[PDB]
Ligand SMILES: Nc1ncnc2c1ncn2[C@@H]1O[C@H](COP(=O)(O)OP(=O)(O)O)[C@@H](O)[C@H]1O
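Before any questions on binding or motion, here is one chain by itself as structure tokens, the form solved without ligand ADP.
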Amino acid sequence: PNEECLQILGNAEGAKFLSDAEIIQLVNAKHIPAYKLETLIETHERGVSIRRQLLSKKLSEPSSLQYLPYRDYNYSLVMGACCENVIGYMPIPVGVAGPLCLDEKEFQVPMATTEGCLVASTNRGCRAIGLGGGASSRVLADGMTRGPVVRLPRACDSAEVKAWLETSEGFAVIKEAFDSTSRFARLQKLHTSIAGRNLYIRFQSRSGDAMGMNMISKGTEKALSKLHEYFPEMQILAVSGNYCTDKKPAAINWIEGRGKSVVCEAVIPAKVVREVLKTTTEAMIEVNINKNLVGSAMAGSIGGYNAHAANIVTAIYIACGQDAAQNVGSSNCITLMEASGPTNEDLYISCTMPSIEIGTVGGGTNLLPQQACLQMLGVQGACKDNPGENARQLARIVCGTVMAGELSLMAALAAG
């Protein structure tokens, strides 16, 4: 009825003795507040069921959520960690491009997308590479960043703090405070910029196999606590002052790197360019120069000297539990093509991606389906013997798959 239901709710034995309708009655009349539903209802799926039911009555079409699935999904690894106000899950089709012949190994790359032909095209690119003797890649740099903004009374004071951070002694003190927060914390050279009394400080460090935002933030907050002891008039405006730079386009990531900086390359014989890619080396180069270099230049691109790196980065990231919003900066790529061999008929190809933001532990990689795709690549979880090696390998795979994707689309655009 209503009164009886509240007696049963407050009875230490609880909400599981009420029906869905009785609980909703109690919400509509203002006896139980919308937010408290999380702790009161026992099972996670039943919490989702009720939130959906409440939501449906507020929609102009109450049957809207019919085909949004929710049942029998492991919400235990999601509640309090990955999502709030959960009403179900969104299934994204997963496909496989491979084998990807990279650094003398073969990889079957999972790709989550709803764009027709993207996987097939990426697959034909892998085929060209494989018959061409495989690709090779190198991690050139490694370190996630966080770029807080502090304010001092005057610009002369901000300059003083900058000079202090650049002394051997001052940096060593900040480094100890940063490095004390974690096993993996290992602060690299600080990069700083002034704008008046503003001072942007870019902390960079490895972070084992995790993407590292949480870890770099704990090291950063304690590093600024130490800096405040030497400069007590300094104010910390924001733990992020956009100098990182995270999830926005920025030259600083392209130039300094962020996360993993990777280069990949292959040489495709003329015969493979002809039979797999249906074009010539000469035609490919002409398209690459005038589209990926000259065209991006006329559009005023910073870091966007590629055909569709973002397609590959986004499909792999969604499949592999990465933060897909980091496609903004992680897609940064320059794709170069030149003639190779004795008569300039073989295609040399390289992709350079200075800011791959990636990890195999933490965040979405804690969910089991996301982990199935990480296991396909042999990169799931933390590498105990060699910390960071799995995330490094996953970066290489992304760069190699991007190259495969650049090969195929460019050959398609070359013919017509």
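Residues carry their position along the shown sequence, with the first being 1.
Here the subject shifts to the form deposited with ligand ADP bound, a form of this protein not shown in this document.
- Distance criterion of 4.5 Å from any heavy atom to ligand ADP in the deposited bound form singles out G208 from the list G303, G132, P110, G208.
- Residue-level contacts in the deposited bound form: of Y73, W164, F184, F231, one residue has a heavy atom within 4.5 Å of ligand ADP, and it is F184.
- At the 4.5 Å threshold, heavy atoms of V361 reach ligand ADP in the deposited bound form.
- Within 4.5 Å of some heavy atom of ligand ADP in the deposited bound form lies at least one heavy atom of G212.
- Proximity of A372 to ligand ADP in the deposited bound form falls outside the 4.5 Å heavy atom cutoff.
- Under a 4.5 angstroms non-hydrogen atom cutoff, ligand ADP in the deposited bound form has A382 among its neighbouring residues.
- The partner is not drawn, yet in the deposited bound form one stretch among 214 to 222, 259 to 267, 192 to 200, 340 to 348 has residues with heavy atoms inside 4.5 Å of ligand ADP: 214 to 222.
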